[PDB]
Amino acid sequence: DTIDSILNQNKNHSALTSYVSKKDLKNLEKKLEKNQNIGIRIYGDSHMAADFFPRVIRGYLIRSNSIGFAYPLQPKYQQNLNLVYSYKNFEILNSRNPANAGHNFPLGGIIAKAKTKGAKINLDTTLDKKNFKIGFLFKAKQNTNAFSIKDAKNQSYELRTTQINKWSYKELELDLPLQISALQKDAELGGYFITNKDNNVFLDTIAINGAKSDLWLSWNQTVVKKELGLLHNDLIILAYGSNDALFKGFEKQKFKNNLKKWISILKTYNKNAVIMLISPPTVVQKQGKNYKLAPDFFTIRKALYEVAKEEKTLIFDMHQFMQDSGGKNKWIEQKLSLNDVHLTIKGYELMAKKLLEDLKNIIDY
């Protein structure tokens, strides 16, 4: 009830601002009550990649019955709590990594590359339902069989490209747990789309530790568009800003332009989707021994409000709630925060429940 007490002290001061028309908000509210198809996605960085914040939203905003998009393998210290992974002899390529720069990246920028013929990936879900329509994004050096798939029911299948060095897609109706085996070395996996045959309620995530707002520029735009069209999202959340303030390359107009191009692409490829931006928590950086505010943090936060009005989106301000309830220093004392930009699990759940509280004042769910 530590989280509950702080929410009650700040019940009157919302951190959520709306520039969305009453038409889009109401239409989203109707889907939430209908409980038929509700697709939600969270793009972001480390404040989302370990599924702490999205899990609270997934459990309380919707009655989840599906998964959606998921990485071929989770990068280290990242997770989607709907899924369980294990693998041998697979290399994880990350678009955020400079050492992996120059590859043909799909949506999310994560690639599982078979180090050898016979490399295996085991995939299961934490749900008790195991029958799923699963789409595989794969890529191979030769037009022979790229991967082998065995399901829980012993049905064996093959992933096979018709064009080499091109991201391909293929859907199968399988039962988890399933094992993937590489039939070629250097064969690649780009992600899965795990959905029910109809009436899908889910919250998937596309988050990368240390990702800037413009990480999507690293990806294959043709394949990104094909993957955006494979799974419609009714509510799309963009939680960026921290790493634009911590790493080089920030310029306010370039920050806004790239983000506005991304918002327009997402709204075009997800008709009637409600867009929500999430502004980072109080971003600090090391002074040597000490910690100090990032100078670009307050410019990024202001730019996110500007983009929210220009693109008519919601904006949840995590720094606003952090400041309304004592500030980052008070959050560190109570282990809601760490000394750097990161928060604890308790802080991420307090943030998520605060958004759920402020969401109530504009949307019935």
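Residue numbers here begin at 1 and follow the sequence given.
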Given 17-25 and 349-357, the range whose Cα B-factors average higher in the PDB entry: 17-25
Between 126-134 and 229-237 (mean CA B-factor, as deposited), the higher: 126-134
Deposited CA B-factor, highest of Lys113, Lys141, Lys260, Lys212: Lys141
Maximum C-alpha temperature factor, selected from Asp204, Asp151, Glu251, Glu171: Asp151
Relative C-alpha B-factor of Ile208, binned into the chain's lowest, middle or highest third: lowest
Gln287 CA temperature factor, ranked by third within the chain: highest
CA B-factor placement of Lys166, once the chain's modelled residues are sorted into thirds: middle
Third of chain Cα B-factors occupied by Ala187: highest
Chain-relative CA temperature factor third for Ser66: lowest
